[PDB]
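Data from model.pdb: PDB, C-alpha atoms and all ligand atoms
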```pdb
ATOM      1  CA  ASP H   1     -81.558  42.569  -4.403  1.00  0.00           C
ATOM      2  CA  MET H   2     -82.883  46.024  -3.542  1.00  0.00           C
ATOM      3  CA  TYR H   3     -85.289  48.261  -5.450  1.00  0.00           C
ATOM      4  CA  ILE H   4     -86.714  51.739  -4.929  1.00  0.00           C
ATOM      5  CA  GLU H   5     -90.328  52.956  -5.028  1.00  0.00           C
ATOM      6  CA  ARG H   6     -91.398  56.588  -5.079  1.00  0.00           C
ATOM      7  CA  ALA H   7     -93.148  57.776  -1.907  1.00  0.00           C
ATOM      8  CA  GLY H   8     -93.776  61.456  -2.581  1.00  0.00           C
ATOM      9  CA  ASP H   9     -92.553  64.966  -3.211  1.00  0.00           C
ATOM     10  CA  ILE H  10     -90.081  66.707  -0.930  1.00  0.00           C
ATOM     11  CA  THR H  11     -91.899  69.765   0.383  1.00  0.00           C
ATOM     12  CA  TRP H  12     -92.301  71.719   3.600  1.00  0.00           C
ATOM     13  CA  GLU H  13     -95.721  71.229   5.231  1.00  0.00           C
ATOM     14  CA  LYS H  14     -97.112  74.483   6.607  1.00  0.00           C
ATOM     15  CA  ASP H  15     -99.039  73.085   9.580  1.00  0.00           C
ATOM     16  CA  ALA H  16     -96.971  70.045  10.549  1.00  0.00           C
ATOM     17  CA  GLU H  17     -97.060  68.274  13.897  1.00  0.00           C
ATOM     18  CA  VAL H  18     -94.263  69.653  16.090  1.00  0.00           C
ATOM     19  CA  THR H  19     -92.374  67.199  18.299  1.00  0.00           C
ATOM     20  CA  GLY H  20     -89.031  66.550  19.908  1.00  0.00           C
ATOM     21  CA  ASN H  21     -86.591  68.398  22.116  1.00  0.00           C
ATOM     22  CA  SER H  22     -83.215  69.954  21.238  1.00  0.00           C
ATOM     23  CA  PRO H  23     -80.513  68.045  23.127  1.00  0.00           C
ATOM     24  CA  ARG H  24     -76.906  69.235  23.134  1.00  0.00           C
ATOM     25  CA  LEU H  25     -74.629  66.204  23.347  1.00  0.00           C
ATOM     26  CA  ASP H  26     -70.891  65.688  23.124  1.00  0.00           C
ATOM     27  CA  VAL H  27     -70.317  62.835  20.685  1.00  0.00           C
ATOM     28  CA  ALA H  28     -67.478  60.978  19.005  1.00  0.00           C
ATOM     29  CA  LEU H  29     -67.551  59.535  15.485  1.00  0.00           C
ATOM     30  CA  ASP H  30     -65.411  56.483  14.865  1.00  0.00           C
ATOM     31  CA  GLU H  31     -63.950  55.090  11.660  1.00  0.00           C
ATOM     32  CA  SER H  32     -66.940  52.772  11.161  1.00  0.00           C
ATOM     33  CA  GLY H  33     -69.306  55.758  11.041  1.00  0.00           C
ATOM     34  CA  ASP H  34     -70.835  55.063  14.447  1.00  0.00           C
ATOM     35  CA  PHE H  35     -71.556  57.861  16.904  1.00  0.00           C
ATOM     36  CA  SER H  36     -70.955  57.381  20.613  1.00  0.00           C
ATOM     37  CA  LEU H  37     -71.612  59.578  23.618  1.00  0.00           C
ATOM     38  CA  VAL H  38     -68.554  60.891  25.435  1.00  0.00           C
ATOM     39  CA  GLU H  39     -68.514  61.739  29.135  1.00  0.00           C
TER      40      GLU H  39
ATOM     41  CA  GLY J   1     -87.056  53.518 -14.372  1.00  0.00           C
ATOM     42  CA  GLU J   2     -88.627  56.422 -12.505  1.00  0.00           C
ATOM     43  CA  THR J   3     -86.096  59.179 -11.795  1.00  0.00           C
ATOM     44  CA  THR J   4     -88.474  62.001 -10.864  1.00  0.00           C
ATOM     45  CA  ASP J   5     -87.247  64.096  -7.961  1.00  0.00           C
ATOM     46  CA  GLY J   6     -88.709  62.969  -4.673  1.00  0.00           C
ATOM     47  CA  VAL J   7     -88.405  60.696  -1.707  1.00  0.00           C
ATOM     48  CA  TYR J   8     -88.249  56.925  -2.319  1.00  0.00           C
ATOM     49  CA  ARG J   9     -88.498  53.764  -0.254  1.00  0.00           C
ATOM     50  CA  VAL J  10     -85.602  51.301  -0.466  1.00  0.00           C
ATOM     51  CA  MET J  11     -87.146  47.812  -0.580  1.00  0.00           C
ATOM     52  CA  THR J  12     -85.993  44.215  -0.752  1.00  0.00           C
ATOM     53  CA  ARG J  13     -87.611  40.836  -1.315  1.00  0.00           C
ATOM     54  CA  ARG J  14     -84.661  38.900   0.125  1.00  0.00           C
ATOM     55  CA  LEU J  15     -86.525  38.419   3.414  1.00  0.00           C
ATOM     56  CA  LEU J  16     -90.143  37.453   4.077  1.00  0.00           C
ATOM     57  CA  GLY J  17     -92.508  39.446   1.884  1.00  0.00           C
ATOM     58  CA  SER J  18     -91.247  42.835   0.767  1.00  0.00           C
ATOM     59  CA  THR J  19     -89.280  44.671   3.445  1.00  0.00           C
ATOM     60  CA  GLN J  20     -88.500  48.386   3.574  1.00  0.00           C
ATOM     61  CA  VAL J  21     -84.825  48.686   4.520  1.00  0.00           C
ATOM     62  CA  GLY J  22     -84.588  52.459   4.171  1.00  0.00           C
ATOM     63  CA  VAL J  23     -85.377  55.658   2.311  1.00  0.00           C
ATOM     64  CA  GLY J  24     -83.589  57.999  -0.042  1.00  0.00           C
ATOM     65  CA  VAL J  25     -83.774  61.212  -2.058  1.00  0.00           C
ATOM     66  CA  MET J  26     -83.776  61.550  -5.835  1.00  0.00           C
ATOM     67  CA  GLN J  27     -82.482  64.944  -6.925  1.00  0.00           C
ATOM     68  CA  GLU J  28     -80.966  65.998 -10.263  1.00  0.00           C
ATOM     69  CA  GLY J  29     -80.910  62.397 -11.459  1.00  0.00           C
ATOM     70  CA  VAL J  30     -78.883  61.192  -8.451  1.00  0.00           C
ATOM     71  CA  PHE J  31     -80.183  58.887  -5.717  1.00  0.00           C
ATOM     72  CA  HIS J  32     -78.976  59.738  -2.210  1.00  0.00           C
ATOM     73  CA  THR J  33     -79.217  57.496   0.840  1.00  0.00           C
ATOM     74  CA  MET J  34     -77.249  56.415   3.908  1.00  0.00           C
ATOM     75  CA  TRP J  35     -74.434  53.924   3.337  1.00  0.00           C
ATOM     76  CA  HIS J  36     -75.726  51.513   5.968  1.00  0.00           C
ATOM     77  CA  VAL J  37     -79.080  51.183   4.140  1.00  0.00           C
ATOM     78  CA  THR J  38     -77.551  49.674   0.974  1.00  0.00           C
ATOM     79  CA  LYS J  39     -73.953  48.881   1.991  1.00  0.00           C
ATOM     80  CA  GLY J  40     -73.125  50.393  -1.405  1.00  0.00           C
ATOM     81  CA  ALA J  41     -74.912  47.709  -3.439  1.00  0.00           C
ATOM     82  CA  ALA J  42     -76.491  48.380  -6.820  1.00  0.00           C
ATOM     83  CA  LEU J  43     -80.213  49.199  -6.851  1.00  0.00           C
ATOM     84  CA  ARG J  44     -83.114  48.544  -9.197  1.00  0.00           C
ATOM     85  CA  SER J  45     -85.493  51.287 -10.338  1.00  0.00           C
ATOM     86  CA  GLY J  46     -88.378  49.789 -12.270  1.00  0.00           C
ATOM     87  CA  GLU J  47     -86.715  48.058 -15.207  1.00  0.00           C
ATOM     88  CA  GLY J  48     -83.500  50.076 -14.858  1.00  0.00           C
ATOM     89  CA  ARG J  49     -80.452  49.710 -12.635  1.00  0.00           C
ATOM     90  CA  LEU J  50     -78.810  52.355 -10.434  1.00  0.00           C
ATOM     91  CA  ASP J  51     -75.126  51.881  -9.896  1.00  0.00           C
ATOM     92  CA  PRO J  52     -73.235  53.360  -6.932  1.00  0.00           C
ATOM     93  CA  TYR J  53     -71.151  56.405  -7.764  1.00  0.00           C
ATOM     94  CA  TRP J  54     -69.722  57.784  -4.513  1.00  0.00           C
ATOM     95  CA  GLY J  55     -69.832  56.681  -0.904  1.00  0.00           C
ATOM     96  CA  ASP J  56     -68.104  56.874   2.442  1.00  0.00           C
ATOM     97  CA  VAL J  57     -68.716  54.615   5.436  1.00  0.00           C
ATOM     98  CA  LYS J  58     -67.556  57.193   7.991  1.00  0.00           C
ATOM     99  CA  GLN J  59     -69.962  59.863   6.700  1.00  0.00           C
ATOM    100  CA  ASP J  60     -72.472  56.986   6.259  1.00  0.00           C
ATOM    101  CA  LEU J  61     -73.604  58.329   2.856  1.00  0.00           C
ATOM    102  CA  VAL J  62     -73.840  56.980  -0.696  1.00  0.00           C
ATOM    103  CA  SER J  63     -74.952  58.379  -4.045  1.00  0.00           C
ATOM    104  CA  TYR J  64     -76.062  56.547  -7.195  1.00  0.00           C
ATOM    105  CA  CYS J  65     -75.806  57.632 -10.860  1.00  0.00           C
ATOM    106  CA  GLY J  66     -73.760  60.734 -10.087  1.00  0.00           C
ATOM    107  CA  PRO J  67     -72.051  62.742  -7.357  1.00  0.00           C
ATOM    108  CA  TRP J  68     -73.726  63.916  -4.189  1.00  0.00           C
ATOM    109  CA  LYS J  69     -76.023  66.843  -5.068  1.00  0.00           C
ATOM    110  CA  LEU J  70     -77.492  67.980  -1.737  1.00  0.00           C
ATOM    111  CA  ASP J  71     -75.704  71.027  -0.348  1.00  0.00           C
ATOM    112  CA  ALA J  72     -78.173  72.903   1.854  1.00  0.00           C
ATOM    113  CA  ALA J  73     -77.221  73.266   5.513  1.00  0.00           C
ATOM    114  CA  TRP J  74     -79.142  73.843   8.721  1.00  0.00           C
ATOM    115  CA  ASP J  75     -78.966  77.517   9.655  1.00  0.00           C
ATOM    116  CA  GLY J  76     -78.426  76.560  13.307  1.00  0.00           C
ATOM    117  CA  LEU J  77     -81.476  78.596  14.369  1.00  0.00           C
ATOM    118  CA  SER J  78     -84.696  77.533  12.647  1.00  0.00           C
ATOM    119  CA  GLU J  79     -86.986  74.558  13.042  1.00  0.00           C
ATOM    120  CA  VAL J  80     -86.703  71.876  10.364  1.00  0.00           C
ATOM    121  CA  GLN J  81     -88.922  69.065   9.115  1.00  0.00           C
ATOM    122  CA  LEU J  82     -88.233  65.362   8.923  1.00  0.00           C
ATOM    123  CA  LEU J  83     -90.044  63.932   5.912  1.00  0.00           C
ATOM    124  CA  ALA J  84     -90.352  60.512   7.525  1.00  0.00           C
ATOM    125  CA  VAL J  85     -91.325  57.600   5.276  1.00  0.00           C
ATOM    126  CA  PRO J  86     -92.121  54.731   7.677  1.00  0.00           C
ATOM    127  CA  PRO J  87     -92.542  51.172   6.355  1.00  0.00           C
ATOM    128  CA  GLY J  88     -96.076  50.532   5.126  1.00  0.00           C
ATOM    129  CA  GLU J  89     -97.160  54.103   5.925  1.00  0.00           C
ATOM    130  CA  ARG J  90     -97.569  57.337   3.997  1.00  0.00           C
ATOM    131  CA  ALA J  91     -94.856  60.000   4.004  1.00  0.00           C
ATOM    132  CA  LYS J  92     -95.346  62.507   6.820  1.00  0.00           C
ATOM    133  CA  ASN J  93     -93.686  65.770   7.886  1.00  0.00           C
ATOM    134  CA  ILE J  94     -92.568  66.204  11.509  1.00  0.00           C
ATOM    135  CA  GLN J  95     -91.357  69.646  12.581  1.00  0.00           C
ATOM    136  CA  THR J  96     -88.698  70.103  15.255  1.00  0.00           C
ATOM    137  CA  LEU J  97     -85.946  72.400  16.511  1.00  0.00           C
ATOM    138  CA  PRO J  98     -82.656  70.473  16.140  1.00  0.00           C
ATOM    139  CA  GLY J  99     -80.210  69.993  18.958  1.00  0.00           C
ATOM    140  CA  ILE J 100     -76.466  69.814  18.383  1.00  0.00           C
ATOM    141  CA  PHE J 101     -73.895  67.031  18.237  1.00  0.00           C
ATOM    142  CA  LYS J 102     -70.639  68.497  19.580  1.00  0.00           C
ATOM    143  CA  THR J 103     -67.577  66.749  18.113  1.00  0.00           C
ATOM    144  CA  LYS J 104     -63.827  67.341  18.035  1.00  0.00           C
ATOM    145  CA  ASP J 105     -64.228  68.346  14.370  1.00  0.00           C
ATOM    146  CA  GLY J 106     -67.125  70.782  14.824  1.00  0.00           C
ATOM    147  CA  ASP J 107     -70.820  70.841  15.601  1.00  0.00           C
ATOM    148  CA  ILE J 108     -73.598  69.016  13.748  1.00  0.00           C
ATOM    149  CA  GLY J 109     -77.343  69.534  13.945  1.00  0.00           C
ATOM    150  CA  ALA J 110     -79.282  66.628  15.416  1.00  0.00           C
ATOM    151  CA  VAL J 111     -82.979  65.760  15.571  1.00  0.00           C
ATOM    152  CA  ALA J 112     -84.585  64.083  18.603  1.00  0.00           C
ATOM    153  CA  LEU J 113     -87.109  62.062  16.615  1.00  0.00           C
ATOM    154  CA  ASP J 114     -87.493  58.297  16.933  1.00  0.00           C
ATOM    155  CA  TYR J 115     -88.587  56.292  13.887  1.00  0.00           C
ATOM    156  CA  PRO J 116     -88.043  52.606  13.070  1.00  0.00           C
ATOM    157  CA  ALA J 117     -85.043  51.180  11.253  1.00  0.00           C
ATOM    158  CA  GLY J 118     -86.739  51.302   7.851  1.00  0.00           C
ATOM    159  CA  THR J 119     -86.876  55.108   7.928  1.00  0.00           C
ATOM    160  CA  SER J 120     -83.110  55.672   7.722  1.00  0.00           C
ATOM    161  CA  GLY J 121     -82.354  57.909   4.764  1.00  0.00           C
ATOM    162  CA  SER J 122     -85.471  60.021   5.189  1.00  0.00           C
ATOM    163  CA  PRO J 123     -84.717  63.660   4.313  1.00  0.00           C
ATOM    164  CA  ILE J 124     -84.545  66.569   6.727  1.00  0.00           C
ATOM    165  CA  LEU J 125     -85.762  69.826   5.168  1.00  0.00           C
ATOM    166  CA  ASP J 126     -85.419  73.545   5.720  1.00  0.00           C
ATOM    167  CA  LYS J 127     -88.312  75.990   5.254  1.00  0.00           C
ATOM    168  CA  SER J 128     -87.470  76.394   1.544  1.00  0.00           C
ATOM    169  CA  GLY J 129     -87.895  72.635   1.035  1.00  0.00           C
ATOM    170  CA  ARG J 130     -84.190  72.003   0.458  1.00  0.00           C
ATOM    171  CA  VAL J 131     -82.711  68.828   1.896  1.00  0.00           C
ATOM    172  CA  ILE J 132     -80.246  69.751   4.653  1.00  0.00           C
ATOM    173  CA  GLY J 133     -79.343  66.153   5.499  1.00  0.00           C
ATOM    174  CA  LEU J 134     -80.555  62.596   5.906  1.00  0.00           C
ATOM    175  CA  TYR J 135     -81.977  60.964   9.022  1.00  0.00           C
ATOM    176  CA  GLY J 136     -80.725  57.758  10.580  1.00  0.00           C
ATOM    177  CA  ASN J 137     -77.153  57.886  11.901  1.00  0.00           C
ATOM    178  CA  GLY J 138     -77.075  58.899  15.536  1.00  0.00           C
ATOM    179  CA  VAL J 139     -77.153  57.754  19.167  1.00  0.00           C
ATOM    180  CA  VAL J 140     -79.465  56.070  21.646  1.00  0.00           C
ATOM    181  CA  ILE J 141     -79.504  58.160  24.805  1.00  0.00           C
ATOM    182  CA  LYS J 142     -80.220  57.022  28.362  1.00  0.00           C
ATOM    183  CA  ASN J 143     -83.972  57.707  28.260  1.00  0.00           C
ATOM    184  CA  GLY J 144     -84.193  54.987  25.602  1.00  0.00           C
ATOM    185  CA  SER J 145     -84.846  57.576  22.910  1.00  0.00           C
ATOM    186  CA  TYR J 146     -83.058  58.073  19.619  1.00  0.00           C
ATOM    187  CA  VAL J 147     -81.235  61.198  18.432  1.00  0.00           C
ATOM    188  CA  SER J 148     -80.166  61.384  14.786  1.00  0.00           C
ATOM    189  CA  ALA J 149     -77.463  63.543  13.292  1.00  0.00           C
ATOM    190  CA  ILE J 150     -78.466  65.760  10.392  1.00  0.00           C
ATOM    191  CA  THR J 151     -76.025  64.028   8.043  1.00  0.00           C
ATOM    192  CA  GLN J 152     -75.123  66.055   4.945  1.00  0.00           C
ATOM    193  CA  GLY J 153     -72.637  65.337   2.181  1.00  0.00           C
ATOM    194  CA  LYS J 154     -70.444  67.623   0.098  1.00  0.00           C
ATOM    195  CA  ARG J 155     -71.426  68.756  -3.406  1.00  0.00           C
ATOM    196  CA  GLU J 156     -68.233  68.881  -5.480  1.00  0.00           C
TER     197      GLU J 156
HETATM  198  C1  LIG R 201     -82.081  53.336  10.121  1.00  0.00           C
HETATM  199  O1  LIG R 201     -81.396  52.432   9.604  1.00  0.00           O
HETATM  200  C2  LIG R 201     -81.989  53.558  11.638  1.00  0.00           C
HETATM  201  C3  LIG R 201     -82.917  54.690  12.102  1.00  0.00           C
HETATM  202  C4  LIG R 201     -82.950  54.739  13.637  1.00  0.00           C
HETATM  203  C5  LIG R 201     -83.647  53.490  14.181  1.00  0.00           C
HETATM  204  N1  LIG R 201     -83.339  53.340  15.612  1.00  0.00           N
HETATM  205  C6  LIG R 201     -84.071  53.888  16.588  1.00  0.00           C
HETATM  206  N2  LIG R 201     -85.152  54.624  16.284  1.00  0.00           N
HETATM  207  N3  LIG R 201     -83.720  53.704  17.871  1.00  0.00           N
HETATM  208  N4  LIG R 201     -80.583  53.857  11.934  1.00  0.00           N
HETATM  209  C7  LIG R 201     -79.834  53.011  12.651  1.00  0.00           C
HETATM  210  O2  LIG R 201     -80.272  51.978  13.152  1.00  0.00           O
HETATM  211  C8  LIG R 201     -78.375  53.432  12.850  1.00  0.00           C
HETATM  212  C9  LIG R 201     -77.390  52.649  11.953  1.00  0.00           C
HETATM  213  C10 LIG R 201     -76.156  53.539  11.731  1.00  0.00           C
HETATM  214  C11 LIG R 201     -74.949  52.739  11.233  1.00  0.00           C
HETATM  215  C12 LIG R 201     -73.782  53.696  10.969  1.00  0.00           C
HETATM  216  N5  LIG R 201     -72.573  52.940  10.586  1.00  0.00           N
HETATM  217  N6  LIG R 201     -78.006  53.251  14.258  1.00  0.00           N
HETATM  218  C13 LIG R 201     -77.825  54.324  15.022  1.00  0.00           C
HETATM  219  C14 LIG R 201     -77.423  54.043  16.474  1.00  0.00           C
HETATM  220  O3  LIG R 201     -77.985  55.470  14.608  1.00  0.00           O
END
```

Could I get this structure in the form of C-alpha cells?
Amino acid sequence: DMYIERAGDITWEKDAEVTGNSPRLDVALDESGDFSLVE
Amino acid sequence: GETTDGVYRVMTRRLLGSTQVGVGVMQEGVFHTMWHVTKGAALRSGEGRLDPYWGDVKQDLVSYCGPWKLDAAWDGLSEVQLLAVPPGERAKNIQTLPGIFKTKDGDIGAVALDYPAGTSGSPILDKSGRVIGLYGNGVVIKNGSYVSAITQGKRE
C-alpha cells in the first residue's frame, strides 16, 4: 500500500545546473503507453 | 492528510524498508503522477486516503481527488527545469533545452536527463514555475542514455 510524502515546493531555480542535449527522435507510442524508436 | 501544493514522493513499505516508487505533483487539491507509478491504485496521505479520479494507460497519467489540473505547455523554444526528486535525496532543479519526440500524431518535447526509476512523475517546469509535464515515460537510446517525453495531460 502506497503513501505520499511532501518533498518541496515547485519553483524555478535561478542558477540551476544545466545538463543534457536536445535530441530529435522519431518515435511511436503503442496502446500500452510505451514509446519505441522508429527507423 | 497534507494537501499543500508541491512535489511529493510516492512511497511503499511492501518491499524491504520503505521504497520510493515515484513522484507526483499536488496542485489545486489534485494529486498528479504517471500511471505506471501507481497502476491506478488508491494512495494514503497521512491519515487520509486519496482515491483515483482519472487515468489513461496510453498517456501514462493518473490524477487523484479530482480531474487533471496541469495545463501549461512547453513553448518549444525555451529551456525548462526538471524538479527531480531522487530516492533518499533532496529535490533538485536541473535545467535543459528539450529535444523533440516526432510522432504520427504530432511532436512532443523530450528531456535528455537520466534519473533512476524512483524519479518517475517528477515535474518539468517552465520559467514561470508552471508544470508543463511529468518526467518518466520515454526511450532508452543507443548510447545507453534515457530520454523522457514531457508528458502533459488535458485540463477539462
Ligand atoms: C520511472 O518509473 C522511470 C524513469 C526512467 C528510469 N530509467 C532510466 N533512467 N533509464 N520510467 C520508466 O522506467 C519507464 C516506464 C514507462 C512505462 C509506460 N507504460 N520506462 C521508460 C522506457 O520510459

Exercise. Which protein, DNA or RNA residues have an atom within 8 Å of ligand LIG 201 (chain R), counting all atoms listed in the file, as a PyMOL selection string?
Worked result: (chain H and resi 32-35) or (chain J and resi 21-22+35-37+57-58+60+113-121+135-140+144-148)

Write the residues of the selection above to a file with C-alpha atoms, as a CSV table (one decimal), in the coordinates of the input.
```
chain,number,residue,atom,x,y,z
H,32,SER,CA,-66.9,52.8,11.2
H,33,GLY,CA,-69.3,55.8,11.0
H,34,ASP,CA,-70.8,55.1,14.4
H,35,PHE,CA,-71.6,57.9,16.9
J,21,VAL,CA,-84.8,48.7,4.5
J,22,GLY,CA,-84.6,52.5,4.2
J,35,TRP,CA,-74.4,53.9,3.3
J,36,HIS,CA,-75.7,51.5,6.0
J,37,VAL,CA,-79.1,51.2,4.1
J,57,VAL,CA,-68.7,54.6,5.4
J,58,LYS,CA,-67.6,57.2,8.0
J,60,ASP,CA,-72.5,57.0,6.3
J,113,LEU,CA,-87.1,62.1,16.6
J,114,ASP,CA,-87.5,58.3,16.9
J,115,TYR,CA,-88.6,56.3,13.9
J,116,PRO,CA,-88.0,52.6,13.1
J,117,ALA,CA,-85.0,51.2,11.3
J,118,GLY,CA,-86.7,51.3,7.9
J,119,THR,CA,-86.9,55.1,7.9
J,120,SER,CA,-83.1,55.7,7.7
J,121,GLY,CA,-82.4,57.9,4.8
J,135,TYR,CA,-82.0,61.0,9.0
J,136,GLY,CA,-80.7,57.8,10.6
J,137,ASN,CA,-77.2,57.9,11.9
J,138,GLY,CA,-77.1,58.9,15.5
J,139,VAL,CA,-77.2,57.8,19.2
J,140,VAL,CA,-79.5,56.1,21.6
J,144,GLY,CA,-84.2,55.0,25.6
J,145,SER,CA,-84.8,57.6,22.9
J,146,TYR,CA,-83.1,58.1,19.6
J,147,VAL,CA,-81.2,61.2,18.4
J,148,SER,CA,-80.2,61.4,14.8
```

For this session: Work out how far atom CA of residue 82 of chain J is from atom CA of residue 18 of chain H, in Å to one decimal.
Result: 10.3 Å

Exercise. Residues at most 8 Å from residue 8 of chain J, counting only C-alpha atoms, excluding those fewer than 2 positions away in the same chain, as a ChimeraX atom specification?
Worked result: /H:4-8 /J:6,10,23-26

Output file for the residues above (C-alpha atoms, as an mmCIF file, in the frame of the given file):
```cif
data_model
loop_
_atom_site.group_PDB
_atom_site.id
_atom_site.type_symbol
_atom_site.label_atom_id
_atom_site.label_comp_id
_atom_site.auth_asym_id
_atom_site.auth_seq_id
_atom_site.Cartn_x
_atom_site.Cartn_y
_atom_site.Cartn_z
ATOM 1 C CA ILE H 4 -86.714 51.739 -4.929
ATOM 2 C CA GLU H 5 -90.328 52.956 -5.028
ATOM 3 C CA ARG H 6 -91.398 56.588 -5.079
ATOM 4 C CA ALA H 7 -93.148 57.776 -1.907
ATOM 5 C CA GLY H 8 -93.776 61.456 -2.581
ATOM 6 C CA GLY J 6 -88.709 62.969 -4.673
ATOM 7 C CA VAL J 10 -85.602 51.301 -0.466
ATOM 8 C CA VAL J 23 -85.377 55.658 2.311
ATOM 9 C CA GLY J 24 -83.589 57.999 -0.042
ATOM 10 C CA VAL J 25 -83.774 61.212 -2.058
ATOM 11 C CA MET J 26 -83.776 61.550 -5.835
#
```

Problem set entry | Atomic distance atom CA of residue 88 of chain J - atom CA of residue 3 of chain J, expressed in Å with one decimal | 21.5 Å

For this session: Enumerate, as number ranges by chain, the residues matched when the ChimeraX specification (/H :<8) & /J is run on the file above.
Result: J: 2, 5-14, 38, 42-46, 57-60, 81, 83, 85, 90-91, 93-104, 110-113, 125-129, 137-139

Problem set entry | Computed interatomic separation between atom CA of residue 17 of chain J and atom CA of residue 55 of chain J (Å) |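 Computed distance, atom CA of residue 17 of chain J to atom CA of residue 55 of chain J, equals 28.6 Å.
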
Problem set entry | Residue contacts of residue 150 of chain J (6 Å, only C-alpha atoms) excluding same-chain residues fewer than 6 positions away, as a VMD selection string | chain J and resid 109 to 110 133 to 134

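For the file shown, the residue list from the PyMOL selection byres (((chain J and resi 28) around 12) and not hetatm) reads residues 3, 4, 5, 6, 25, 26, 27, 29, 30, 31, 32, 63, 64, 65, 66, 67, 68, 69 and 70 of chain J.
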
Save segment 13-28 of chain H to a file: N, CA, C and O atoms, as a CSV table (one decimal), in the first residue's frame.
```
chain,number,residue,atom,x,y,z
H,13,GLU,N,14.5,27.5,-10.3
H,13,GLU,CA,15.7,27.8,-9.6
H,13,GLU,C,16.6,28.7,-10.5
H,13,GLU,O,17.0,28.2,-11.6
H,14,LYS,N,17.0,29.9,-10.1
H,14,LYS,CA,17.6,30.9,-11.0
H,14,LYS,C,18.9,30.4,-11.5
H,14,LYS,O,19.3,30.7,-12.7
H,15,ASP,N,19.7,29.7,-10.7
H,15,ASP,CA,21.1,29.4,-11.1
H,15,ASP,C,21.3,27.9,-11.1
H,15,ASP,O,22.3,27.4,-10.5
H,16,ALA,N,20.4,27.2,-11.8
H,16,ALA,CA,20.4,25.7,-11.7
H,16,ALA,C,21.5,25.1,-12.6
H,16,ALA,O,22.0,25.8,-13.6
H,17,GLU,N,22.0,23.9,-12.3
H,17,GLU,CA,22.9,23.2,-13.1
H,17,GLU,C,22.3,22.9,-14.4
H,17,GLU,O,21.1,22.4,-14.5
H,18,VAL,N,23.0,23.2,-15.5
H,18,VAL,CA,22.5,22.9,-16.9
H,18,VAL,C,23.1,21.7,-17.4
H,18,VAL,O,24.3,21.5,-17.4
H,19,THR,N,22.3,20.8,-18.0
H,19,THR,CA,22.8,19.5,-18.5
H,19,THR,C,21.9,19.0,-19.6
H,19,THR,O,20.8,19.6,-19.8
H,20,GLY,N,22.4,18.1,-20.4
H,20,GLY,CA,21.6,17.4,-21.3
H,20,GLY,C,21.6,18.0,-22.7
H,20,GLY,O,21.8,19.2,-22.9
H,21,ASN,N,21.4,17.2,-23.7
H,21,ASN,CA,21.4,17.6,-25.1
H,21,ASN,C,19.9,17.7,-25.5
H,21,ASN,O,19.0,17.6,-24.7
H,22,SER,N,19.6,17.9,-26.8
H,22,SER,CA,18.3,18.2,-27.3
H,22,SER,C,18.0,17.3,-28.5
H,22,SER,O,17.8,17.7,-29.6
H,23,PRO,N,17.9,16.0,-28.3
H,23,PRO,CA,17.8,15.0,-29.4
H,23,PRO,C,16.4,15.1,-30.1
H,23,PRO,O,15.4,15.3,-29.4
H,24,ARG,N,16.4,15.0,-31.4
H,24,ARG,CA,15.2,14.9,-32.2
H,24,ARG,C,15.0,13.5,-32.7
H,24,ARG,O,15.7,13.1,-33.7
H,25,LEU,N,14.1,12.8,-32.2
H,25,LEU,CA,13.9,11.4,-32.5
H,25,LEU,C,12.5,11.1,-33.0
H,25,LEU,O,11.5,11.7,-32.5
H,26,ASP,N,12.4,10.3,-34.0
H,26,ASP,CA,11.1,9.8,-34.5
H,26,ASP,C,10.7,8.6,-33.6
H,26,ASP,O,11.5,7.6,-33.4
H,27,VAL,N,9.5,8.7,-33.0
H,27,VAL,CA,9.1,7.7,-32.0
H,27,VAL,C,7.7,7.2,-32.4
H,27,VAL,O,6.9,7.9,-33.1
H,28,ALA,N,7.3,6.1,-31.8
H,28,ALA,CA,6.0,5.5,-31.9
H,28,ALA,C,5.5,5.3,-30.5
H,28,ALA,O,6.2,4.9,-29.6
```
